[PDB]
Amino acid sequence: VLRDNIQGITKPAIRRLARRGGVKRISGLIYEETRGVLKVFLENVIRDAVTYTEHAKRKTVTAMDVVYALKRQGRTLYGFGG
Amino acid sequence: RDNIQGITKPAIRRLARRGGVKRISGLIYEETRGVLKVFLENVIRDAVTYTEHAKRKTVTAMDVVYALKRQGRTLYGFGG
Amino acid sequence: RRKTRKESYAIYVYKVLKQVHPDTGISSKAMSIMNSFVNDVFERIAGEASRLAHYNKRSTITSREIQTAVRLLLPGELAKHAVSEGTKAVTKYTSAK
Amino acid sequence: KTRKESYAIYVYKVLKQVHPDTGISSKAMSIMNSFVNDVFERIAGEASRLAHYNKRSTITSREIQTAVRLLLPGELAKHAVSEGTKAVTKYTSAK
Amino acid sequence: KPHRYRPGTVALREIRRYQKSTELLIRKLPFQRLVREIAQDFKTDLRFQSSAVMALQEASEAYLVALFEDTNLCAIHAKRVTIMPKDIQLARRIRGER
Amino acid sequence: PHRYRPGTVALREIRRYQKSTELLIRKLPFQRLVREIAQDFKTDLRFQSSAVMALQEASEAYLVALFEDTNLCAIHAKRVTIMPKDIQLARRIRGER
Amino acid sequence: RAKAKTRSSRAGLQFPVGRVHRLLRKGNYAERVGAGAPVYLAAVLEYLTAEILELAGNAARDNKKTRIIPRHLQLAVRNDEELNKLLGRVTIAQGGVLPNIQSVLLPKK
Amino acid sequence: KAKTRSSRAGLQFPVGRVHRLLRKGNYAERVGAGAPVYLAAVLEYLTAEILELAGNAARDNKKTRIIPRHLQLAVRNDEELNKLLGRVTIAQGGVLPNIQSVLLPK
DNA sequence: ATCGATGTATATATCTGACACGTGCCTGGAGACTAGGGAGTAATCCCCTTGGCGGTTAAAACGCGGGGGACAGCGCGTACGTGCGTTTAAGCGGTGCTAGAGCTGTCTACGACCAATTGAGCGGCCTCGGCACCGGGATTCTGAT
DNA sequence: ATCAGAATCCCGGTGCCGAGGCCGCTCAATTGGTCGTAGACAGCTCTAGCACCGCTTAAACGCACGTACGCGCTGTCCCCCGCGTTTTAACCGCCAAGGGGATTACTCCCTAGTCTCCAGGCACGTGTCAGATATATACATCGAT
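In order, the protein sequence lines correspond to chains B, F, D, H, E, A, C and G.
Under PDB author numbering, the first residue of the first sequence is numbered 21, with each subsequent residue one higher.
Under PDB author numbering, the first residue of the second sequence is numbered 23, with each subsequent residue one higher.
Under PDB author numbering, the first residue of the third sequence is numbered 26, with each subsequent residue one higher.
Under PDB author numbering, the first residue of the fourth sequence is numbered 28, with each subsequent residue one higher.
Under PDB author numbering, the first residue of the fifth sequence is numbered 37, with each subsequent residue one higher.
Under PDB author numbering, the first residue of the sixth sequence is numbered 38, with each subsequent residue one higher.
Under PDB author numbering, the first residue of the seventh sequence is numbered 11, with each subsequent residue one higher.
Under PDB author numbering, the first residue of the eighth sequence is numbered 13, with each subsequent residue one higher.
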């Protein structure tokens with residue numbers, strides 16, 4: 021059972037994500053806040069994708085399942101099938 | 023015309039009070055009139071599109087509900 | 026003439042109301058809101074089940090598709106209880122004729 | 028079946044029509060194919076809702092035109108609508 | 037001296053009163069004239085069902101009230117109480133409307 | 038020795054990562070995080086490599102757009118540093134919080 | 011010929027299974043529609059109606075009323091978290107808003 | 013000898029495939045003859061617009077091959093297609109090179 | 001200004017794998033013919049939208065005083081950016097194997113379809129009680145003392 | 001703490017109009033039967049996901065240090081609030097007209113369905129060239145003086 025993998029989203033990764041977003045200066049609690057936000061977003065999308073998977077009676081989460089999960093929330097993603 | 027000024031300053035203040043606003047700058051009224059004119063233009067353009075498709079000459083409530091639904095804001099109690 | 030039939034969920038909403046609140050009534054505008062809500066949730070669940078059947082190259086909407094669409098759209102406690110009610114209804118209906 | 032259906036060749040033909048010296052990456056190809064599928068699904072769903080609202084049982088050029096005017100932004104909608112009626116006119120003339 | 041409430045008391049009373057009630061806060065004939073003026077640009081000689089203008093007004097007022105909620109939140113974020121147009125612009129930009 | 042003025046290496050990083058296209062989260066810890074999150078919904082799951090890649094693309098796009106709105110609402114507060122209250126305001130205005 | 015029995019009565023529902031079946035068939039959702047799909051859908055619609063109507067009747071009691079008006083539906087929806095999530099993008103006409111003042115705006119001593 | 017419907021309409025997109033997708037996609041019980049023609053023309057236009065702006069973007073980066081970065085630049089730089097794809101994420105597309113004025117050095 | 005550090009762009013050469021083209025096939029699209037039903041069109045009716053008059057009253061407009069809040073300036077201290085040495089694990093490349101996605105074949109349960117029946121559901125009519133409007137006393141709450 | 005005044009809450013009375021119920025009707029759901037087909041299940045293939053080992057090296061991490069920025073405090077002035085007075089136009093009611101929205105009936109043409117065929121598009125294969133990588137270098141920009 022995989023555990024404590026939310027800290028694998030390291031502090032420099034969050035700082036790079038902020039730099040791409042245009043953020044020039046970052047607080048110290050932004051890292052924990054961003055890990056929580058990312059955990060919530062991933063929980064929602066992975067729950068929708070695992071629901072799509074279980075409907076097809078598969079055990080492997082297809083990329084098209086993730087695309088349909090994203091489309092369901094309105095976060096349409098191009099480049100992994102239509 | 024003067025019709026956008028028909029959305030008076032006290033009406034905008036009442037809308038802000040319902041929104042929970044305690045203090046209002048003097049330029050909020052013109053800003054809000056502009057915001058309302060653009061939201062209204064988008065909804066009414068889509069409603070008149072739905073009307074013209076039906077070959078009608080009147081804008082029905084249903085068409086407004088459909089235009090709103092396309093905008094992603096859904097109105098309950100006007101039909102649908 | 027006689028006005029053509031406009032179907033609505035008014036009487037069914039009223040039956041459910043008399044079951045949950047036997048003495049509480051409902052205005053006409055609130056009944057129209059409940060009718061719009063039932064139509065909206067119906068078209069959401071039906072569109073999601075349609076998309077589910079289309080994704081899996083299938084051509085029938087079953088209780089499976091409606092259950093998965095309820096799991097997708099409805100929030101988890103609401104989905105869990107709606108799935109329980111729908112499953113209970115499909116079993117009791119299949120048990121009878 | 029082993030075959031999969033995509034808009035690769037048609038996108039390439041349009042690309043050669045527009046910029047007849049430029050290729051396109053496979054990732055960008057997948058993005059263009061999913062873009063065509065997504066826009067098709069939007070326009071077709073809007074035309075289906077349109078035919079359902081007016082108690083019609085057929086998608087015609089009018090419903091596609093109205094769905095284009097609904098979803099596409101005004102410059103895009105205007106030029107796509109004018110060309111679409113030109114294409115329908117060309118098809119009916121040639122039959 | 038005639039009694040005067042301290043600046044911001046009547047504002048809070050108005051907040052409570054208009055959050056307690058449900059009537060439309062824009063006068064119906066000005067909004068109706070505005071709707072017909074705006075629709076004059078998309079098709080001439082249009083007509084409107086009364087319930088169409090009523091639905092447009094309900095939607096417009098709900099949109100403006102939610103916008104003023106977000107505007108007030110981002111005004112308080114800037115350690116302020118007055119809402120400025122830059123607050124409205126921030127709320128619309130974060131909401132993906134600009 | 039030579040040292041840069043606090044803020045220009047940050048702007049250099051901003052220009053670098055806004056000109057670039059690589060993924061900014063390491064792929065293996067993100068994949069492990071995806072596995073850990075998905076084990077709750079269903080045990081013994083499997084993921085296509087493209088599925089985890091799509092999840093990562095969506096996560097990085099979402100976080101970058103959230104940081105854009107966070108930056109905007111931090112400048113709105115006449116600051117340059119982004120605080121957690123900035124993220125909370127951006128999510129509350131977006132309609133997710 | 012056997013006495014007619016409604017599908018809703020067979021399923022033990024108040025919502026119309028037959029009308030939901032006709033709407034699924036005419037709604038252009040699939041070329042075919044299962045037999046238990048309108049039963050399941052009518053059960054889900056009846057449950058969601060029961061949830062909102064129970065909360066709205068509670069809100070109407072709290073305002074000492076015996077009719078449900080749009081204000082009571084709005085209060086019932088926005089006061090429950092899960093239904094407010096389900097109806098987040100939804101505007102309820104004549105519903106008003108939730109009474110909510112930010113604590114910074116309240117007066118001080 | 014059979015002449016294809018795309019050549020009749022004067023399009024590159026397949027009128028036959030669009031008609032088949034309309035008929036099987038459960039949009040209506042019937043599909044008019046001009047509907048796939050109109051839809052194929054509109055889809056071809058959006059493809060042509062995206063690809064024209066992406067080819068311009070590829071020329072700006074001195075490339076002769078459209079990659080996702082050029083599609084992202086084409087989409088986010090034009091306004092109409094940014095409105096059209098405003099809720100859409102493009103994989104490997106990156107972001108627009110935008111820095112806020114307040115953060116620039118004094 | 002200025003020069004030095006310094007990262008970043010730019011120009012060229014090797015490689016490499018992925019894209020652009022060919023081929024064979026097969027299955028999906030085109031020509032042709034059919035029925036049938038959906039949509040186009042024309043007449044009708046009535047309802048519901050538009051337009052006008054009048055009053056009247058509540059709301060909008062306007063003026064004004066002032067207070068409190070926006071905003072600018074300043075000081076400080078601490079948290080964050082930058083750099084550097086260390087360490088840690090991500091990445092890449094090869095290899096294994098087996099679970100499970102995917103395809104095919106078969107057949108039976110199940111849903112479309114269709115005709116006859118009828119009872120649930122809808123439109124219309126009527127009435128009474130919930131609610132709304134009015135008015136007046138009670139309570140709350142605010143601000144000046 | 002107190003107290004007066006303004007606003008709101010509450011309590012009761014009267015009315016009114018819309019919600020609730022009843023009844024006729026009609027058409028849409030039910031029942032019973034038939035038939036095609038789709039999807040459930042078995043079985044076979046073979047792809048790719050998972051697991052592992054090893055090496056490398058670039059990224060993460062811990063820490064030191066300085067300083068820029070967040071934040072708290074203070075002063076000022078301006079501009080929004082709140083209230084009194086005037087004006088105006090929104091609203092309610094009432095009436096008139098007509099136009100267009102909904103309905104029905106008739107027709108015809110337009111699309112589904114089937115058949116027959118054939119060519120386009122899609123796996124497989126291949127080769128070659130654009131771009132990735134590497135290296136040196138030039139160049140502009142940042143920084144301390």
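Backbone N, C-alpha and C define an ideal beta-carbon position, used for all residues, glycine too.
Sequence-distant residues of its chain with Cβ nearer than 7 Å to residue i (five each side left out)
i: residue 105(G); result: 80, 81, 83 and 84
i: residue 94(H); result: 70, 73, 74 and 77
i: residue 42(D); result: 49 and 51
i: residue 68(E); result: 89
i: residue 90(C); result: 65
i: residue 132(E); result: none
N- and C-terminal bounds of the beta strand (DSSP E) containing residue i
i: residue 43(F); result: Counting along the chain, residue 43(F) falls outside any beta strand (DSSP E), and DSSP gives it neither H nor E.
Same chain, Cβ closer than 8 Å to residue i, five either side skipped, listed in chain order
i: residue 100(B); result: 83, 84, 86 and 87
i: residue 103(G); result: 80
i: residue 52(G); result: 18, 21, 23, 25, 26, 27 and 30
i: residue 82(H); result: none
Sub-7 Å separation of residue i and residue j beta-carbons
i: residue 34(C); j: residue 27(C); result: no
i: residue 108(A); j: residue 43(B); result: yes
i: residue 56(C); j: residue 100(D); result: no
i: residue 39(B); j: residue 54(A); result: yes
i: residue 81(F); j: residue 88(E); result: yes
i: residue 33(B); j: residue 48(A); result: no
i: residue 101(A); j: residue 94(B); result: no
i: residue 62(C); j: residue 70(C); result: no
i: residue 97(C); j: residue 87(C); result: yes
i: residue 98(F); j: residue 62(D); result: yes
i: residue 40(C); j: residue 86(D); result: yes
i: residue 131(C); j: residue 112(E); result: Residue 131(C) lies beyond the range of chain C shown here (11 to 119); nothing can be said about it.
i: residue 34(D); j: residue 60(D); result: yes
i: residue 22(B); j: residue 72(A); result: yes
i: residue 55(F); j: residue 118(E); result: no
i: residue 111(D); j: residue 54(C); result: yes
i: residue 79(B); j: residue 26(B); result: no
Inter-residue CB distance, residue i and residue j (contact presumed, cutoff 8 Å)
i: residue 113(F); j: residue 75(E); result: Outside the shown range of chain F (23 to 102) lies residue 113(F), about which nothing can therefore be said.
i: residue 76(G); j: residue 48(H); result: 6 Å
i: residue 110(E); j: residue 127(E); result: 6 Å
i: residue 118(D); j: residue 25(C); result: Not quite, the Cβ-Cβ distance comes to about 13 Å (not below 8 Å), so this is no contact.
i: residue 90(B); j: residue 70(A); result: Not quite, the Cβ-Cβ distance comes to about 17 Å (not below 8 Å), so this is no contact.
Bounding residues of the alpha helix (DSSP H) (the contiguous stretch that carries residue i)
i: residue 98(B); result: Not the alpha helix (DSSP H): residue 98(B) falls in the beta strand (DSSP E), residues 96-98.
i: residue 127(E); result: 121-130
i: residue 67(E); result: 64-75
i: residue 116(D); result: 101-120
i: residue 39(A); result: Neither: residue 39(A) is in no alpha helix (DSSP H) and is coded neither H nor E.
i: residue 53(A); result: 45-56
i: residue 108(A); result: 86-113
i: residue 133(E); result: Counting along the chain, residue 133(E) falls outside any alpha helix (DSSP H), and DSSP gives it neither H nor E.
i: residue 98(H); result: 88-98
i: residue 41(D); result: 35-45
Cut-off 6 Å between Cβ atoms - residues of its own chain near residue i, not counting five sequence neighbours on either side
i: residue 102(F); result: 87
i: residue 88(D); result: 115
Whole runs of the alpha helix (DSSP H) within the stretch 34-106 of chain G, excluding any shorter than 4 residues
46-72, 80-89 and 92-96
Any alpha helix (DSSP H) of 4 or more consecutive residues that is wholly inside the stretch 53-86 of chain D
53-80
Ranges of the alpha helix (DSSP H) found wholly within the stretch 47-76 of chain F, counting only runs of at least 4:
50-75
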